[PDB]
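Shown here is one chain on its own, the form deposited in one PDB entry, set out as C-alpha cells.
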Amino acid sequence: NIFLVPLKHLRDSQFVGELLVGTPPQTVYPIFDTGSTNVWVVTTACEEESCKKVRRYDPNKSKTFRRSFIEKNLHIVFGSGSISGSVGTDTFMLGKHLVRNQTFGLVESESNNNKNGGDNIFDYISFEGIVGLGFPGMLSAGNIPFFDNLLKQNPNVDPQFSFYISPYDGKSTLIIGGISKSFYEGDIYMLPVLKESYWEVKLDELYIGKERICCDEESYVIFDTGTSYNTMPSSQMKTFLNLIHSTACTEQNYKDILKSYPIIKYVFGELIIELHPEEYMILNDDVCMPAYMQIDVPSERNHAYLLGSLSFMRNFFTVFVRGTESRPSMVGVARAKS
C-alpha cells in the first residue's frame, strides 16, 4: 500500500504539508526535512511574535499528549536560526496514516543565538514545524524517529519516500512507500548511501564548466529538502564565486545574460548530473544570484555538498530508499516532468 501527501509551496521558500497532531486532532503544516530526524511542532508555549503569527499546537487541548522528562530544553542551532523547546509524545496522522506515542519537540522559542540583534529565519517565514526524515542517528530524544515509527505501525508500507517539486503549479507532492512514473522521465539511477545520518552519498568529481574543483579529498553529497539552496565547503566557495558571479538582470533578459554561464556537473562514478545556468541561478529583486551558500558540515576530513529543493529537486525527481535486510540504503535520481 502506497499513499501520498501533497505540499503547498508558500510565499516563503517553504513546501509544507498537512499534519494532524493529538486527540482531538489539531492541524499543522510543517516542512519535510531529509536533513534532520527530530519532529518539531510550534506550540502555544512559544509566545514570541514569530510564533504567534502561525497555527500553534496546544498540548493542554490534547487528551493523548504525554510530557517527557528532560533535564533542560533541547537547543538546536543552525545557520539561519535556532529552535529551542521541550519534548513530549502524542499521536500523529499524516495522509490518513496513524503514528501513536511518537516523541516530538515542542517549539518554545525561535530566538536566534548566532547573532542576537536581528537576522532570524523565522521572521521571514510562516514556520509551523519540521517532520524529520533523516536516519535515526540524528534523533535527539525519544525511543524511535517518526518515519520508522510510522513503518512499525503500518507494516504494509515500504520504507521509502520521494519528492516531486514543481513550485509553479500546485502539483508538489511527497509520496510515501513508493513512486509514480507520473513524475519522472527516463530511468532512475541509484546511488548508495554510505553515511546513515544524513542522506549522504559519495561524490567523485565536480566540474564548474570545464574547471575541475573536486575532488582531492573525500567528498560527499547530502540530499537535503530542508534547504532552499545548494552548498559547498568554504574552500571551494572562493573558487565558485570567481567562476560564477552574480549580476544584475531582469525577467526579460535573464535567458540572454545566463547564456555564457557554465554547466555545473556532479559526477557519481558513472552518473553525471548536470546543472544548467537557468537551473541554479535565482532571481530576486533585480539580481541574478547563484543559488548556492557556504556550509562546512562538521567532520574531521570529509567534505559535504548539499543539494537543495529550489535548485535541485525542482528539476530532478528524488527517491529515498531506507535500507532493510533485503536491500541497502540508496537515493534515486531522475529527471522531472513538465
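For clarity, a rigid core is taken as the largest C-alpha set superposing within 1.5 Å between two forms. Numbering starts at 1 and runs along the sequence shown.
Stretches 178-186 and 99-107 differ in mean CA B factor, with 178-186 having the higher one. For the pair 282-290 and 32-40, the record assigns the higher mean C-alpha temperature factor to 282-290. In this entry, the residue among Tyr168, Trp199, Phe161, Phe127 with the greatest C-alpha B factor is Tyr168. Set against one another, the Cα B-factors of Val221, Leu194, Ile76, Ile244 in the record reach their highest point at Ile244. In the deposited entry, the Cα temperature factor of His276 places it in the highest third of its chain's modelled residues. Among all modelled residues in its chain, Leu150 ranks in the middle third by Cα B-factor. The PDB entry assigns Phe312 a C-alpha temperature factor belonging to the middle third of its chain's modelled residues.
Among all modelled residues in its chain, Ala334 ranks in the middle third by Cα B-factor.
In this PDB entry, the Cα temperature factor of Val131 sits in the bottom third of its chain's modelled residues, the lowest group.
Omitted from view is the form deposited in another entry, to which the following refers.
Among the candidates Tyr189, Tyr207, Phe78, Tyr124, displacement between this form and the one not shown reaches 2 angstroms at the C-alpha for one position only, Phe78 (superposition on the rigid core). Taking 2 Å as the criterion, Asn156 does not count as shifted between this form and the one not shown: its C-alpha moves by less than this amount when the rigid core is aligned. Core-superposed comparison between this form and the one not shown: the Cα of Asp169 travels less than 2 Å. The Cα position of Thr250 differs by 2 Å or more between this form and the one not shown after fitting on the rigid core. Three angstroms is the minimum change: in that other deposited form, the CA atoms of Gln252 and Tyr168 sit farther apart than in this structure, by 3 Å or more. Between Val28 and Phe78, the Cα spacing is smaller in that other deposited form than in the shown form, differing by no less than 3 Å.
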